[PDB]
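Beneath this line is the structure, given in structure tokens, with notes to follow.
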Amino acid sequence: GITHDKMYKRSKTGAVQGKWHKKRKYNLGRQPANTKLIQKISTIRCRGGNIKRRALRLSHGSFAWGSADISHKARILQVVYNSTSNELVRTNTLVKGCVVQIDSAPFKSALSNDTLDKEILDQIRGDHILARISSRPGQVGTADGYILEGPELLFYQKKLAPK
Amino acid sequence: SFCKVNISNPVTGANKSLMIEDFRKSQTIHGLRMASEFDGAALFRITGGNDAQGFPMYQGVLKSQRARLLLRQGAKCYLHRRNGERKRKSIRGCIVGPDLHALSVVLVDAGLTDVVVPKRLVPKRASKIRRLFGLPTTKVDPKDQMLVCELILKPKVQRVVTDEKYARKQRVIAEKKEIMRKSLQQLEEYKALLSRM
Amino acid sequence: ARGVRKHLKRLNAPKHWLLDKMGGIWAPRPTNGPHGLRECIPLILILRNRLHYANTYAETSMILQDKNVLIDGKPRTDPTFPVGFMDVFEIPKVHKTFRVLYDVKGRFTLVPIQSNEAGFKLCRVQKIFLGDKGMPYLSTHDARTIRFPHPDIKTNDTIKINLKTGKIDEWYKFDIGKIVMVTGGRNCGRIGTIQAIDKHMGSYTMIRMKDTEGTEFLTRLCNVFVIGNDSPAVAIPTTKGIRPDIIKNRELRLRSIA
RNA sequence: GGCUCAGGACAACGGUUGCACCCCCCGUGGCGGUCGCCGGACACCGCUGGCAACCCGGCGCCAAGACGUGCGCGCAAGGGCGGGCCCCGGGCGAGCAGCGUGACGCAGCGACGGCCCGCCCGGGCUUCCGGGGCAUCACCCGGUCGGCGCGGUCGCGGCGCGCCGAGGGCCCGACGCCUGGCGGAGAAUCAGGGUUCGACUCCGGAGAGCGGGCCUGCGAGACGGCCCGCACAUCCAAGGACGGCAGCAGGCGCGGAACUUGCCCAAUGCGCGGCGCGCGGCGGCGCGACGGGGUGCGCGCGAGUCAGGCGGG
Ligand SMILES: [K+]
Ligand SMILES: [K+]
Ligand SMILES: [K+]
Ligand SMILES: [K+]
Ligand SMILES: [K+]
Ligand SMILES: [K+]
Ligand SMILES: [K+]
Ligand SMILES: [K+]
Ligand SMILES: [K+]
Ligand SMILES: [K+]
Ligand SMILES: [K+]
Ligand SMILES: [K+]
Ligand SMILES: [K+]
Ligand SMILES: [K+]
Ligand SMILES: [K+]
Ligand SMILES: [K+]
Ligand SMILES: [K+]
Ligand SMILES: [K+]
Ligand SMILES: [K+]
Ligand SMILES: [K+]
Ligand SMILES: [K+]
Ligand SMILES: [K+]
Ligand SMILES: [K+]
Ligand SMILES: [K+]
Ligand SMILES: [K+]
Ligand SMILES: [K+]
Ligand SMILES: [K+]
Ligand SMILES: [K+]
Ligand SMILES: [K+]
Ligand SMILES: [K+]
Ligand SMILES: [K+]
Ligand SMILES: [K+]
Ligand SMILES: [K+]
Ligand SMILES: [K+]
Ligand SMILES: [K+]
Ligand SMILES: [K+]
Ligand SMILES: [K+]
Ligand SMILES: [K+]
Ligand SMILES: [K+]
Ligand SMILES: [K+]
Ligand SMILES: [K+]
Ligand SMILES: [K+]
Ligand SMILES: [K+]
Ligand SMILES: [K+]
Ligand SMILES: [K+]
Ligand SMILES: [K+]
Ligand SMILES: [K+]
Ligand SMILES: [K+]
Ligand SMILES: [K+]
Ligand SMILES: [K+]
Ligand SMILES: [K+]
Ligand SMILES: [K+]
Ligand SMILES: [K+]
Ligand SMILES: [K+]
Ligand SMILES: [Mg+2]
Ligand SMILES: [Mg+2]
Ligand SMILES: [Mg+2]
Ligand SMILES: [Mg+2]
Ligand SMILES: [Mg+2]
Ligand SMILES: [Mg+2]
Ligand SMILES: [Mg+2]
Ligand SMILES: [Mg+2]
Ligand SMILES: [Mg+2]
Ligand SMILES: [Mg+2]
Ligand SMILES: [Mg+2]
Ligand SMILES: [Mg+2]
């Protein structure tokens with residue numbers, strides 16, 4: 001079926017290369033999960049056993065505000081930005097590294113301490129916080145992440161500027 | 001032939017056979033599916049059948065003709081030779097129509113039901129002989145080696161908690177504790193050693 | 001292929017087994033266990049081929065079913081069990097106890113040993129590593145594992161193990177001037193003293209040794225086994241790890257038919 | 001394990017590296033802490049059937065070292081913080097591996113105690129050098145060369161996809177075409193230097209009429225497993241069912257050219273432990289080829305014949 005064997009590529013001088021065997025089982029690939037937002041995780045048997053979890057339709061995650069170290073479990077509300085393609089944002093597909101809006105309720109108990117980023121407290125004062133997925137949902141069936149801060153936060157806030 | 005109707009009564013345990021024209025016309029039985037009630041005034045619940053050429057009915061195909069299907073190991077109408085082997089086969093002569101040369105039927109809620117067949121085999125599991133005789137399945141004298149069976153090759157009760165088997169299990173537990181105790185002592189020795197060093 | 005190899009042609013068997021090229025298409029294939037395929041000997045090749053206690057394969061099996069053979073104190077009922085360097089070989093009904101070492105031609109020999117010696121074993125520390133919940137472990141040349149080792153034991157040292165408890169009672173450090181024996185290569189089997197250790201960043205570390213007659217030789221650090229501290233902790237064959245030259249070997253051969 | 005050499009020329013293959021990018025049954029050491037004896041049902045089998053034969057149907061009593069659920073001192077995968085701001089032991093040449101701490105999660109092992117860890121053999125890819133002929137084949141390539149991000153995989157990688165740039169190779173022979181092209185260890189010839197061939201014994205690779213696809217398993221893109229298209233055959237009541245000798249013998253065809261449709265697991269080994277095995281062994285045919293001795297000597301032998309040994313399953 002799908003293979004990641006290199007026998008089908010040209011050489012580095014552009015030359016066509018011949019075929020000297022048929023497809024081997026250990027060189028197979030599978031189709032991607034295309035994990036949707038808003039709960040199923042399928043099981044995949046792999047080489048030697050070694051179960052892989054493959055998520056479809058995740059809703060929640062566990063998130064960390066690293067600087068003050070406030071970790072809760074929160075609901076992922078919307079995929080807002082993706083580096084690879086804007087098609088992956090329009091569909092709310094969950095992949096590693098995409099920028100999301102998560103629910104502000106679990107972190108409202110963190111509204112009291114000052115000397116805590118006002119670029120995070122003002123986020124909390126509303127309805128959602130900007131965060132980033134840090135796991136591979138197709139390989140482990142899970143979608144967790146961290147809360148953006150620093151120059152990264154500003155870079156993505158200008159990427160989502162109302163312009 | 002025309003149609004051999006294998007009736008089978010499980011309330012008593014008997015099996016009987018009949019015949020019928022079952023030709024192309026009205027036949028108030030036609031158009032019914034497997035696991036359906038009919039009123040049996042011409043011969044009750046259908047459970048299977050073979051058509052001409054002896055192809056068996058298959059549940060769910062929802063057709064009155066034959067069909068091919070990729071049957072998988074564990075399913076009916078197929079006996080595999082290797083683990084994981086599948087096979088394409090032909091099935092389902094009708095949802096009962098004129099084609100069938102045989103029908104299989106069971107009787108519900110009762111020529112008339114007369115014979116009562118004995119049960120050849122007797123209960124074997126240890127609990128199977130305590131539900132029969134109303135005995136409790138919770139005591140410290142569960143031995144139950146009554147030997148009657150009415151001399152009816154089959155007994156050798158299973159799942160009996162004897163004395164030696166009780167000792168065996170207790171011994172295994174008493175060693176599964178010794179491992180943990182010695183392991184914790186060794187860990188303590190090593191921690192103290194690094195403390196001295 | 002599509003999976004592991006279970007056969008071994010006779011011409012493809014290791015050359016120090018001294019198998020003869022007629023009398024068989026096949027050779028025994030050693031089972032996995034304490035020793036690897038190349039640096040071992042199948043147990044059958046000692047009982048039938050060498051000592052003639054058995055004379056065929058089938059009657060070599062029945063000796064090992066009724067458990068007349070102990071390896072390191074345990075009865076092994078498997079004819080292709082891999083026995084190797086430093087394994088204790090004791091047959092009780094004939095009262096024979098041996099230690100398995102190398103001779104000066106890289107072949108396995110059995111050295112008679114006393115009942116006061118067969119209760120311990122020398123192992124080579126192959127690696128130290130952290131296992132489960134961060135605990136330290138050491139691994140040897142026998143596929144043996146020891147948890148919570150004393151912090152002094154480092155890699156390339158040798159340890160001494162009682163053969164009933166399976167615990168450590170002594171260790172020898174790898175140093176300059178230690179007595180050593182080479183376990184493989186082309187100086188396999190001969191015994192000397194370490195006089196150099198040259199490390200090469202990224203690559204193999206070479207060891208220079210010198211025999212008791214003063215002959216010097218070299219090999220890789222993965223082939224030098226410490227047998228004591230200026231005195232071997234065990235018994236060694238009569239030749240004591242001195243290798244003749246081809247001329248002196250020829251004169252000793254001429255003298256046997258003489 | 002056995003067979004073959006069709007494909008494939010910066011492949012494969014040979015020596016030489018690496019995985020701090022990996023997976024691994026059995027065996028041999030370890031290790032073993034997990035938020036009162038349960039259930040019902042399947043085959044063999046009984047009673048009845050269908051069918052030309054291939055193959056199956058229905059009802060019913062019955063077990064487990066089979067399942068399923070589980071009694072238990074919390075800990076499987078993945079994730080956020082915990083490094084030093086000339087230059088440099090747990091373990092390295094190399095900041096690697098563990099642990100702590102906040103959040104998720106609830107996996108695996110428990111109804112005869114094993115999840116897990118090291119080794120071992122095996123595999124996957126991978127560094128450097130070697131790796132056919134033709135110039136009446138001089139320019140070639142466009143996922144082609146590099147970058148960024150995700151996916152997929154046992155795993156790295158243009159392996160795939162989106163976006164960005166214009167690279168990459170060449171008379172030290174690229175690209176294209178051809179080969180009655182499997183590679184090595186080796187073999188034939190013979191002062192020294194060379195020439196020619198590498199079907200077949202060992203090692204490695206690839207295939208099972210030709211394309212593809214896949215399940216079960218630690219391991220297969222398996223063909224003495226399954227599914228489909230094509231080209232060919234097989235039985236048949238005409239409804240259907242069904243095949244793969246480049247395994248061992250044997251046959252047809254083709255060619256200048258190549259043997260018995262034998263006996264046996266006694267040996268050498270392999271799977272389960274007592275058997276199995278056309279691996280392999282023993283006979284048969286065999287002027288391909290090798291080695292030894294005769295058709296006399298001055299008077300004793302061999303080739304045959306018949307018996308007993310020895311040998312041999
Ligand atoms: K594939
Ligand atoms: K494969
Ligand atoms: K199968
Ligand atoms: K092969
Ligand atoms: K395998
Ligand atoms: K195998
Ligand atoms: K051989
Ligand atoms: K041989
Ligand atoms: K051979
Ligand atoms: K073996
Ligand atoms: K052949
Ligand atoms: K070929
Ligand atoms: K295997
Ligand atoms: K390579
Ligand atoms: K290379
Ligand atoms: K290479
Ligand atoms: K090269
Ligand atoms: K040319
Ligand atoms: K492109
Ligand atoms: K890429
Ligand atoms: K692309
Ligand atoms: K481009
Ligand atoms: K050329
Ligand atoms: K050819
Ligand atoms: K010459
Ligand atoms: K020449
Ligand atoms: K020459
Ligand atoms: K010449
Ligand atoms: K040949
Ligand atoms: K071959
Ligand atoms: K070959
Ligand atoms: K070979
Ligand atoms: K081979
Ligand atoms: K091979
Ligand atoms: K081969
Ligand atoms: K192959
Ligand atoms: K082919
Ligand atoms: K084929
Ligand atoms: K084919
Ligand atoms: K094919
Ligand atoms: K195929
Ligand atoms: K494999
Ligand atoms: K395939
Ligand atoms: K295929
Ligand atoms: K045949
Ligand atoms: K052929
Ligand atoms: K034959
Ligand atoms: K002819
Ligand atoms: K002819
Ligand atoms: K045999
Ligand atoms: K096996
Ligand atoms: K044969
Ligand atoms: K004579
Ligand atoms: K004679
Ligand atoms: Mg193939
Ligand atoms: Mg929109
Ligand atoms: Mg199978
Ligand atoms: Mg093979
Ligand atoms: Mg461009
Ligand atoms: Mg060749
Ligand atoms: Mg060849
Ligand atoms: Mg041949
Ligand atoms: Mg095969
Ligand atoms: Mg195939
Ligand atoms: Mg001819
Ligand atoms: Mg002669």
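Here, A, B, ... name the chains of the structure tokens in the order displayed, residue numbers run from 1 inside each chain, and ligands are numbered from 1 in the same displayed order.
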
| task | Please provide as a PyMOL selection string all residues within 7 Å of residue 60 in chain A, with the sequence filter that same-chain residues fewer than 5 positions apart are discarded (counting only C-alpha atoms (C1' of nucleotides)). | result | chain A and resi 74-76

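Using only C-alpha atoms, the chain B residues found within 8 Å of chain C amount to residues 186, 187 and 190 of chain B.
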
Output N, CA, C and O atoms for every residue in the selection just made, as a tab-separated table (two decimals), in the first residue's frame.
chain	number	residue	atom	x	y	z
B	186	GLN	N	17.28	-4.45	51.29
B	186	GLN	CA	18.44	-4.18	50.44
B	186	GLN	C	18.50	-2.71	50.04
B	186	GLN	O	19.58	-2.10	50.01
B	187	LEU	N	17.34	-2.12	49.73
B	187	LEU	CA	17.32	-0.70	49.40
B	187	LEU	C	17.82	0.14	50.58
B	187	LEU	O	18.60	1.09	50.39
B	190	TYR	N	21.63	-0.06	50.87
B	190	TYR	CA	22.34	0.74	49.87
B	190	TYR	C	22.27	2.24	50.19
B	190	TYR	O	23.26	2.96	50.02

| Please, which residues have at least one atom within 8 Å of an atom of ligand 50, using only C-alpha atoms (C1' of nucleotides) and all ligand atoms, listed as a ChimeraX atom specification? | /D:265-267

| said: Need to verify the contact set: range 29-35 of chain B, 6 Å, only C-alpha atoms (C1' of nucleotides), exclusion of same-chain residues closer than 2 positions in sequence. Can you return it as a PyMOL selection string? | reply: chain B and resi 27+45-47+95-97

| as a PyMOL selection string, which residues of range 28-122 of chain A does DSSP assign to strand (DSSP E or B)? | chain A and resi 28+36-37+40-46+49-56+58+60-65+70-81+93+99-103

| Distance criterion (only C-alpha atoms): nearest to chain C out of A:130, A:123, A:1, A:25 |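 Among the listed residues, the smallest separation from chain C belongs to A:25.
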
Name all residues at most 12 Å from range 115-117 of chain B (count only C-alpha atoms (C1' of nucleotides); drop same-chain ones fewer than 6 positions away) and give them as a PDB file with N, CA, C and O atoms (P, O5', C5', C4', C3', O3' and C1' of nucleotides), in the first residue's frame.
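The result, stored in result-v8.pdb:
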ATOM      1  N   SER B   8     -38.190 -28.561  15.541  1.00  0.00           N
ATOM      2  CA  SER B   8     -37.406 -28.972  16.702  1.00  0.00           C
ATOM      3  C   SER B   8     -37.987 -28.314  17.941  1.00  0.00           C
ATOM      4  O   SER B   8     -38.111 -27.088  17.985  1.00  0.00           O
ATOM      5  N   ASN B   9     -38.347 -29.120  18.939  1.00  0.00           N
ATOM      6  CA  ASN B   9     -38.937 -28.611  20.166  1.00  0.00           C
ATOM      7  C   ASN B   9     -37.914 -28.727  21.286  1.00  0.00           C
ATOM      8  O   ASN B   9     -37.556 -29.849  21.675  1.00  0.00           O
ATOM      9  N   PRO B  10     -37.434 -27.605  21.832  1.00  0.00           N
ATOM     10  CA  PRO B  10     -36.460 -27.655  22.926  1.00  0.00           C
ATOM     11  C   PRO B  10     -37.075 -27.747  24.312  1.00  0.00           C
ATOM     12  O   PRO B  10     -36.344 -28.021  25.274  1.00  0.00           O
ATOM     13  N   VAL B  11     -38.382 -27.509  24.446  1.00  0.00           N
ATOM     14  CA  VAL B  11     -39.035 -27.634  25.747  1.00  0.00           C
ATOM     15  C   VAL B  11     -38.953 -29.071  26.242  1.00  0.00           C
ATOM     16  O   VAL B  11     -38.733 -29.324  27.433  1.00  0.00           O
ATOM     17  N   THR B  12     -39.124 -30.032  25.340  1.00  0.00           N
ATOM     18  CA  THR B  12     -38.930 -31.440  25.650  1.00  0.00           C
ATOM     19  C   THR B  12     -37.665 -32.020  25.037  1.00  0.00           C
ATOM     20  O   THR B  12     -36.983 -32.814  25.685  1.00  0.00           O
ATOM     21  N   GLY B  13     -37.327 -31.642  23.808  1.00  0.00           N
ATOM     22  CA  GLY B  13     -36.053 -32.030  23.239  1.00  0.00           C
ATOM     23  C   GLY B  13     -36.151 -32.877  21.989  1.00  0.00           C
ATOM     24  O   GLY B  13     -35.221 -33.621  21.669  1.00  0.00           O
ATOM     25  N   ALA B  14     -37.259 -32.770  21.267  1.00  0.00           N
ATOM     26  CA  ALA B  14     -37.521 -33.659  20.145  1.00  0.00           C
ATOM     27  C   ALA B  14     -37.285 -32.952  18.814  1.00  0.00           C
ATOM     28  O   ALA B  14     -37.127 -31.733  18.743  1.00  0.00           O
ATOM     29  N   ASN B  15     -37.258 -33.748  17.748  1.00  0.00           N
ATOM     30  CA  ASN B  15     -37.063 -33.247  16.396  1.00  0.00           C
ATOM     31  C   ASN B  15     -37.917 -34.062  15.440  1.00  0.00           C
ATOM     32  O   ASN B  15     -37.945 -35.291  15.518  1.00  0.00           O
ATOM     33  N   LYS B  16     -38.609 -33.374  14.539  1.00  0.00           N
ATOM     34  CA  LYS B  16     -39.575 -34.004  13.650  1.00  0.00           C
ATOM     35  C   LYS B  16     -39.417 -33.397  12.264  1.00  0.00           C
ATOM     36  O   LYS B  16     -38.835 -32.323  12.102  1.00  0.00           O
TER      37      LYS B  16
ATOM     38  P     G D  46     -22.541 -39.268  17.714  1.00  0.00           P
ATOM     39  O5'   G D  46     -23.600 -39.420  18.894  1.00  0.00           O
ATOM     40  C5'   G D  46     -24.914 -39.888  18.625  1.00  0.00           C
ATOM     41  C4'   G D  46     -25.947 -39.202  19.485  1.00  0.00           C
ATOM     42  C3'   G D  46     -27.236 -38.816  18.776  1.00  0.00           C
ATOM     43  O3'   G D  46     -28.141 -39.900  18.688  1.00  0.00           O
ATOM     44  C1'   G D  46     -26.469 -37.007  20.106  1.00  0.00           C
ATOM     45  P     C D  47     -28.560 -40.491  17.258  1.00  0.00           P
ATOM     46  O5'   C D  47     -29.806 -39.600  16.845  1.00  0.00           O
ATOM     47  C5'   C D  47     -30.978 -39.598  17.646  1.00  0.00           C
ATOM     48  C4'   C D  47     -31.756 -38.315  17.491  1.00  0.00           C
ATOM     49  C3'   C D  47     -32.179 -37.971  16.080  1.00  0.00           C
ATOM     50  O3'   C D  47     -33.350 -38.659  15.702  1.00  0.00           O
ATOM     51  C1'   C D  47     -31.290 -36.052  17.147  1.00  0.00           C
ATOM     52  P     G D  60     -31.636 -24.878  21.824  1.00  0.00           P
ATOM     53  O5'   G D  60     -31.072 -26.272  22.349  1.00  0.00           O
ATOM     54  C5'   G D  60     -31.869 -27.136  23.144  1.00  0.00           C
ATOM     55  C4'   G D  60     -31.126 -28.383  23.570  1.00  0.00           C
ATOM     56  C3'   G D  60     -29.867 -28.192  24.394  1.00  0.00           C
ATOM     57  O3'   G D  60     -30.107 -27.843  25.742  1.00  0.00           O
ATOM     58  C1'   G D  60     -29.487 -29.849  22.763  1.00  0.00           C
ATOM     59  P     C D  61     -29.054 -26.916  26.521  1.00  0.00           P
ATOM     60  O5'   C D  61     -28.143 -27.950  27.317  1.00  0.00           O
ATOM     61  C5'   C D  61     -28.670 -28.705  28.394  1.00  0.00           C
ATOM     62  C4'   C D  61     -28.255 -30.155  28.333  1.00  0.00           C
ATOM     63  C3'   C D  61     -26.947 -30.516  29.010  1.00  0.00           C
ATOM     64  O3'   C D  61     -27.074 -30.605  30.417  1.00  0.00           O
ATOM     65  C1'   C D  61     -27.126 -31.644  26.927  1.00  0.00           C
TER      66        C D  61
END

| field | Spatial neighbours of residue 90 in chain C, max dist 6 Å, only C-alpha atoms (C1' of nucleotides), sep filter under 5 positions, as a list in words | value |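 Counting only C-alpha atoms (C1' of nucleotides), the residues come to residues 70, 96 and 97 of chain C.
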